[PDB]
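[1] structure for this input, please:
(3 chains, ligands or ions: 4)
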Amino acid sequence: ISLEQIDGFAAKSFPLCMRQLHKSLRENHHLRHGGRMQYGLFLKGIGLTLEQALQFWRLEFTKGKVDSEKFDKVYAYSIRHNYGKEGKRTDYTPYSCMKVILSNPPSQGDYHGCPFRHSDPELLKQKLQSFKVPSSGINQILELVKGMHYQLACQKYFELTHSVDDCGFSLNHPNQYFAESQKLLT
Amino acid sequence: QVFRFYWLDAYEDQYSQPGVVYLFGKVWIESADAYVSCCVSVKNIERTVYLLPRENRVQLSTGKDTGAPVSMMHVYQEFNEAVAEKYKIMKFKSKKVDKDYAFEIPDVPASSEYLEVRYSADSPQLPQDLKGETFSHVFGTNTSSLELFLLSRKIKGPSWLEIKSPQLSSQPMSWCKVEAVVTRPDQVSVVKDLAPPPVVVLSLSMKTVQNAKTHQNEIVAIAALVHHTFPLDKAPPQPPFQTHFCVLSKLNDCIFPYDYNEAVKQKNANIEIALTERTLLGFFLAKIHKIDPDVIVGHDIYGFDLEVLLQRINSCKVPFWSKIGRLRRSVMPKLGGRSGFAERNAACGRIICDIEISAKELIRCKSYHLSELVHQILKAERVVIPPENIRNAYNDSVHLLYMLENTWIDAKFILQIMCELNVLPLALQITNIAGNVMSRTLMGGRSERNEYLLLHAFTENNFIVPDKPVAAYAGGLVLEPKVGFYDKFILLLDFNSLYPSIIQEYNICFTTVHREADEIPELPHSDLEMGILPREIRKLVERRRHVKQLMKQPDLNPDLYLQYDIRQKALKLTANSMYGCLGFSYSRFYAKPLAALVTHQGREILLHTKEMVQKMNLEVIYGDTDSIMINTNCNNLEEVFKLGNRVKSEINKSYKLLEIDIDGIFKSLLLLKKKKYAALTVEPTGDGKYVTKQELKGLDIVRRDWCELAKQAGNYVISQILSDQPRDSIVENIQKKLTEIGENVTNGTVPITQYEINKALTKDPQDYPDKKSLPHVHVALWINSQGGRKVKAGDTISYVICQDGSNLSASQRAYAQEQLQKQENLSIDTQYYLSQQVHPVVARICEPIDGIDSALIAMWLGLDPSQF
DNA sequence: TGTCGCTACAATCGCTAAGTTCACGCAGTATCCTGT
Ligand SMILES: Nc1nc2c(ncn2[C@H]2C[C@H](O)[C@@H](COP(=O)(O)OP(=O)(O)OP(=O)(O)O)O2)c(=O)[nH]1
Ligand code: SF4
Ligand SMILES: [Mg+2]
Ligand SMILES: [Mg+2]
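    Numbering: from 1, shown residues only, chains lettered A, B, ... in the order given. Ligands and ions are numbered 1, 2, ... in the order given. Now the structure:
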């Protein structure tokens, strides 16, 4: 995968979770540990290489008026690890939607987790309105959310954004969302 | 018409019979050709006061000074009008009498005239703080009838008395054989220069079993020995006893063995078997009445024996209780109360001798229980029957007779101890010297003796003594010792009767020192005449000097020599107590300024003597308030004696009475600290031949609070150190002996008694606060917990610190020897002894010794040097 | 109810301060972590 197309994915292909993560990163050019771990694992899932992810993260973190030397000192080892390059050297797998729902709950200043689960209904409605989603689609997504159908709510988002009547797949992974989006688009 | 008798004891009841004193003694009746006890009731012993007039009349409330001179006529007028009416006193005799006074009541002139007034003791007693316009003080208000009588008739200790115009009592009042009533104190006189008559002495020992149902102590046997002609001025007779009687009873429920009667009959003794304790007490009282002994002797008689007797008399309701004394009464005195006052009053007219108190006063022993005294004085071994065996004795004739014979042997030992110490002659002598009653003297204590001595002295000199009272000052100087070991000759100089000699020389007296009611008053002027106290103390010192010179006679019976030594020590202590009672807060003659002056003069004398000896180019190494130790640095004894005589003459040259004599010559000395040294005292044998006798002062080896193992180890170590052996051999022998003792302790081969440690008691075991638990006190309580005679104050207790698995401090593991021998979970703490009884003493002893240190002692003891 | 005096040493208990442990922590640095 190429660094430039990551922006395109964040605009279109990324699920709302990774979409928010990318928006936060490009707004702040820094993610907390939880967000860094989640986003790195997702970028591993899409296919970004260790070198590509290291380069992209280095470049992004440098823009926050920080040394890239500090990045190489600290985040280099972590980026190595999350790709199973050091320590136990295990190819750590990207999180599934169930984990994201049941993963660490974000707090103030955090942006990880499933937005459908960790975003208040008003915030989710506002975000969906920002994305130009039809009012009926937004209402259906909200109804799915209220019954705790965050997987089904995300499938509704995928159906609405890709102009497809039925998702045709049981969304259980953000990278699975990425693969389905790429299949529909490309 | 005269009536001559030898009085021994006097009893007065301040409340029951006012102004009456009973004198009990012996009177010779020709018909019986022997002495018989007689009682004389001196009635109408009036009470006398003394009034001190004012210089000028003073308004009582305004506290004014009108200015009218106050003469004796005015004083009599005031006492006749105001006071006599106020206090309801009808008849009195008034006279003017000039008396002297020097004591602690401000604004009382040395000499003045008073209106001596006497009236019947039945009339009310004036208040001690009485005052009026015409008089500023009233004396003698609370004077006891006995004291008034004794001081009025100048009666000074037991002695022959002459009574004029005796009369007979309407009805019997005493249990004696002859009675006589004297109508006035003037009718009693004293006759001198006649030997005291022999008296009857009854020694009684009893065996009791406690009733744990009530914890009441019931008597089950009384072995009594009597001698009817015991002398009071000669040596004790041999054998001490003339005849004897034994009385034996049974318990409440138990019964006699089968053939007790046959065994008792075969015993051939004057045994009377009492069915019940009631019958036993009745028989005992009848026996006491028949013999009517004058001096009843016993062990713990004042604390245990008499109290038990009276308690059981009350419990069984034995009719005639007062027969235990010599007067007739009806209501027994209330028991309880401190001291033996209940006992003494119950036994009024009989001199009670407690060989425990007498032994405590006369000699010093590690323990005062009867067995230890018997082993020390009589050098005999006593078999002790445990109380369980006493209960079990009512099961066979053999054991019952063994118990009774043990009681008899205890009585015999008590009498033997009394005779050996020479308690009765010494009591008579000291009572005659002091002038008090003999029973009080035998009760112990120094305060009453000195108080009565000074009472007699001042009264005979026209003085008004003060009414009985209804580290406050510096002491002696101890020179800093030169601690070390001295192998050459040491010369010890000691002052002779230092404080008495100071009082004599400097004329210190109540009438010479102008005191002020903490500054030392000035020394009295040399112009004054000798005072009362110098005269009395001079008499005591002269008596002691006479006894000591008598001791110088060669070829004296060694036992008689020891008796003379005891008498000399008693006189020395009497003089020293005469000094000390000046500084006794509760004494009648509290003159703390005088005691402070005496001690200050002693310190000045010691400092001057040290300066003189040092100025002679002689080394000074020690001194304790009257003595000096000099290092002669010589090896020839003749030169040592020459130098001693030289220095003694030079020191004596500066004093009028004080004399310094050579106390001893030490061949070798080990000066450890103040009041702690051991020496090889040298006693010349003749022709240049001398014998060396060991002498220990103040060390731990001479203290009862250390295990006898430690005492033995220290004695051996000192013996090795003080010897002339080469130093290397001395150190080697010390190491070898210490290793041997360590092995013996580790292997348990030491006899168990060697682990005993003795500590006395200050109060009753209960009265001790919960200040953790003092070791002895702990064991003390256990003794009372068990079924045996309780342990009261001033009782030595031997405890052994033993392992119990408790992982607690040693202080809290004190155990009796019987406890260890009984319990199977208690074992002697070998490490404790090796580390805290053997090590500390030897380590302190060997401090100035080269080659020995704490680590080496621990190693040779087998201990770990780490902690040391 | 009476109960001589003071000086010196040793041992023990109580209370408290001085010191030690030593676990709180931190500032600095380092490695190795997470899921399917
Ligand atoms: N009050 C009182 N004073 C004592 C006692 N023991 C010693 N002193 C005082 C008074 C003695 O005169 C002084 C000197 O002690 P000493 O034992 O050498 O007796 P002292 O010199 O009087 O006679 P001595 O050397 O034995 O012939 O210490 C005592 O038990 N009570
Ligand atoms: S359902 Fe899955 S893909 Fe969709 S927002 Fe939640 S975690 Fe992301
Ligand atoms: Mg971090
Ligand atoms: Mg002396």
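[2] contacting residues for the residue nearest the centre of chain B?
    Note on chain B: the residue nearest the mean C-alpha position is residue B:361, at 3.4 Å, using C-alpha atoms, centre = their mean. Each residue near residue B:361 by C-beta atoms under 8 Å, 6 or more residues apart in numbering or on different chains is listed here: B:444, B:570. Just so you know, the C-beta spots here come from the backbone N, C-alpha and C atoms, and that holds for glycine as well.
[3] surely it forms part of a helix?
    Yes - assessed with DSSP: H, G, I helix; E, B strand; the rest coil, residue B:361 lies in a helix.
[4] what about it, distance to residue B:262?
    The spacing between residue B:361 and residue B:262, counted by C-beta to C-beta, to the nearest Å, is 46 Å.
[5] do residue B:529 as well
    Using C-beta to C-beta, residue B:529 is found at 78 Å from residue B:262.
[6] give me the number of residues near residue 76?
    All of this is about chain A. Number of residues near residue A:76 (other C-beta atoms under 10 Å in any protein chain shown) recorded here: 17.
[7] wait, I meant chain B there
    18.
[8] beyond whatever helix or strand it lives in, next helix or strand please.
    Here residue B:76, judged by DSSP states H and E, is contained in helix B:72-78. Downstream of helix B:72-78, the first helix or strand assigned by DSSP H and E is helix B:84-87.
[9] what's in contact with that following helix?
    With C-beta under 8 Å, 6+ apart as the test, helix B:84-87 has contacts from B:90, B:92, B:124, B:126.
[10] do stretch B:52-72 as well
    B:74-75, B:96, B:108, B:112-115, B:131-139.
[11] same thing but 10 Å
    With C-beta atoms under 10 Å, 6 or more residues apart in numbering or on different chains as the test, stretch B:52-72 has contacts from B:51, B:74-75, B:77-78, B:82, B:94-97, B:99, B:101, B:105, B:107-109, B:112-115, B:131-139, B:464.
[12] just to revisit the earlier point, from residue B:446, how far off is the residue nearest to the centre of chain B?
    For residue B:361, the distance to residue B:446 - C-beta to C-beta - is 9 Å.
[13] go on, residue B:736?
    Distance, residue B:736 to residue B:446, using C-beta to C-beta: 49 Å.
[14] which one of these two has more residues nearby?
    residue B:446 (17 against 12).
[15] residues contacting that one?
    By C-beta under 10 Å, 6+ apart, the contact list for residue B:446 reads B:361, B:434, B:573, B:574, B:576, B:577, B:578, B:580, B:581, B:584.
[16] ok, now residue B:411?
    By C-beta under 10 Å, 6+ apart, the contact set of residue B:411 is B:202-206, B:222-226, B:241, B:244, B:246, B:297-299.
[17] which stretch of helix or strand covers residue B:736?
    Under the assignment here (DSSP H and E), residue B:736 is part of helix B:727-746.
[18] which element is the residue of chain A positioned farthest from its centre on?
    Distance to the chain centre peaks in chain A at residue A:69, reaching 26.6 Å (criterion: C-alpha atoms, centre = their mean). Assigned by DSSP H and E, residue A:69 falls within helix A:68-82.
[19] who does whichever helix or strand comes after that helix touch, helix- and strand-wise?
    The first helix or strand that comes after helix A:68-82 along the chain, using DSSP H and E, is helix A:97-102. If contacts are counted by 3 or more C-beta pairs under 10 Å, 6 or more residues apart in numbering or on different chains; DSSP states H and E, helix A:97-102 sits against helix A:16-28, helix A:33-46, helix A:115-118, helix A:150-161, helix A:174-185.
[20] cutoff 8 Å now
    Counting contacts by 3 or more C-beta pairs under 8 Å, 6 or more residues apart in numbering or on different chains; DSSP states H and E, helix A:97-102 is packed against helix A:150-161, helix A:174-185.
[21] in TSV, list the ones you listed along with distance to residue B:613.
    Shown next, in TSV, are the helices and strands packed on helix A:97-102 (distance: least, C-beta to C-beta, whole Å):
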stretch	distance to residue B:613
helix A:150-161	113
helix A:174-185	112
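[22] now, of these, which is deepest in the fold?
    Mean neighbour count (mean count of other C-beta atoms under 10 Å in any protein chain shown) peaks for helix A:150-161 among the helices and strands packed on helix A:97-102, with a mean of 21.
[23] do that one and ligand 2 meet?
    Yes - using C-beta under 6 Å from any ligand atom, helix A:150-161 reaches ligand 2 at A:150, A:151, A:154.
[24] residue B:269: neighbouring residues, count only.
    Neighbour count of residue B:269, defined by other C-beta under 10 Å: 16.
[25] contacting residues around the closest residue to it other than its chain neighbours?
    Excluding the flanking residues, the one nearest residue B:269 by C-beta to C-beta, 6 or more residues apart in numbering or on different chains is residue B:246, at 5.9 Å. Contact partners of residue B:246, counting by C-beta under 8 Å, 6+ apart, are B:221, B:222, B:223, B:224, B:269, B:270, B:271, B:272, B:404, B:407, B:408.
[26] helix/strand/coil for residue B:246?
    Secondary structure state of residue B:246, per three-state DSSP, is strand.
[27] tell me how far it lies from residue B:789.
    Using C-beta to C-beta, we find residue B:246 at a distance of 21 Å from residue B:789.
[28] ok, now residue B:618?
    Applying C-beta to C-beta to residue B:618 and residue B:789 gives a distance of 57 Å.
[29] how about residue B:561?
    Relative to residue B:789, and taking C-beta to C-beta, residue B:561 is found at 36 Å.
[30] next: residue B:553.
    Taken as C-beta to C-beta, the span from residue B:553 to residue B:789 is 44 Å.
[31] now residue B:59
    Residue B:59 is 65 Å from residue B:789, by C-beta to C-beta.
[32] who's more crowded, those two?
    Applying other C-beta under 10 Å to residue B:59 and residue B:789 shows that residue B:789 carries more neighbours, namely 15 against 10.
[33] what sits against residue A:113?
    So residue A:113 contacts A:17, A:100, A:101, A:103, A:104, A:105, A:106 (C-beta under 8 Å, 6+ apart).
[34] again, only using 10 Å
    Applying C-beta under 10 Å, 6+ apart, the residues contacting residue A:113 are A:17, A:20-21, A:34-35, A:38, A:95, A:99-106, A:119.
[35] next: residue B:307.
    B:217, B:300, B:301, B:335, B:336, B:340, B:342, B:343, B:346.
[36] these two touch, right, the second one and residue B:792?
    Read it as residue B:300. Yes - assessed by C-beta atoms under 10 Å, residue B:300 is found in contact with residue B:792 at 8.8 Å.
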